[PDB]
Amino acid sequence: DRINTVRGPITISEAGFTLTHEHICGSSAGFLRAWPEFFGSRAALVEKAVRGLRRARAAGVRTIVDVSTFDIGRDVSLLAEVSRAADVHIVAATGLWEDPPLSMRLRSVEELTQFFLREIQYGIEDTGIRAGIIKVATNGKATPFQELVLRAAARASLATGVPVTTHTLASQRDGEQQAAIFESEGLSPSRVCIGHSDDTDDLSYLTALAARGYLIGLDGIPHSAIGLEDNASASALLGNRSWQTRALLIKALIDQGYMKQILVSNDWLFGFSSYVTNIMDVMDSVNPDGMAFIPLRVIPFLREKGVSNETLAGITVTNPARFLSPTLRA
């Protein structure tokens, strides 16, 4: 049993402490190549990511899942360089997020399945690097094209055993429609993580997903604009619920019997061109720990609130390995 990373297959035991929803860079296809000065320089972005991943590794992280798709401007050569330099495994993604270009938006469910399978089974671009996860997205009711993407993701997962992870507008309970479409294609919920689920406090929605077997992505714990005075763009992005409020959803699901279905992450980035200029600076001021926020702050917080070390080890080590290890029914 092996998980594909940007430096090759690794064993399940090698994955270790794993952050399941992260980004080296949140961008757009071709953007880093065409306009590296937007990030200062490509080298500056690399250096920032390596420093961040090294600090995460010192805090105990061993693997991150970079859920950047084609249309987030995923650059697997960049991921490989940062992964080598920081000694942190990086799992790359296929799929499509919320900004597909026309050349993707016009494609059929069969064509999309071919593209996702290409990136899982053959390689990404000419790199030979294979994706270990499929990323999809809705923001409210699925567009007709997003329905095709979700179905193609299910077909690619059914052929390969690679899991699916989703972006939702959690306030619209998107996981319900995503589940319906996935299940219509015959995909096991055990192969699916419904992400950005910490954006909502609706326990009925969260437990309805977990009851049918879905993994719950509580993946934006440090995202908060509390204490940011009069920054409309940061408030729209990050919300005004505290990181403690988000983190307590981890305890809530544990207390309901779902500890094996919880996946926790920061949804951090080291560059961020697909939003307003200087958002990365704002985010780094909110959370200077970056990707180390989960082990340095969330884990001790949950221990203080009575969650055991063993349970948190299961959530951060056992659950990601069970999720990522290719299979049709985990």
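Quick note: we count residues from 1 along the sequence shown, nothing fancier.
For the two regions 237-245 and 104-112, the entry's Cα B-factors average higher over 237-245. Averaged over their C-alpha atoms, the temperature factors of 28-36 and 277-285 are higher for 277-285. Per the PDB record, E81 has a higher Cα B-factor than any other of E81, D219, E147, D71.
Highest CA B-factor among the listed residues (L228, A131, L187, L253): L228. Per the deposited record, the Cα B-factor of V76 falls in the middle third when ranked against the other modelled residues of its chain. Per the PDB record, residue ranking by Cα B-factor puts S224 in the highest third of the chain. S265: CA B factor in the lowest third of modelled residues in this chain (values from the PDB entry). In this PDB entry, the Cα temperature factor of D87 sits in the top third of its chain's modelled residues, the highest group. When the modelled residues of the chain are ordered by C-alpha B-factor, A232 sits in the highest third.
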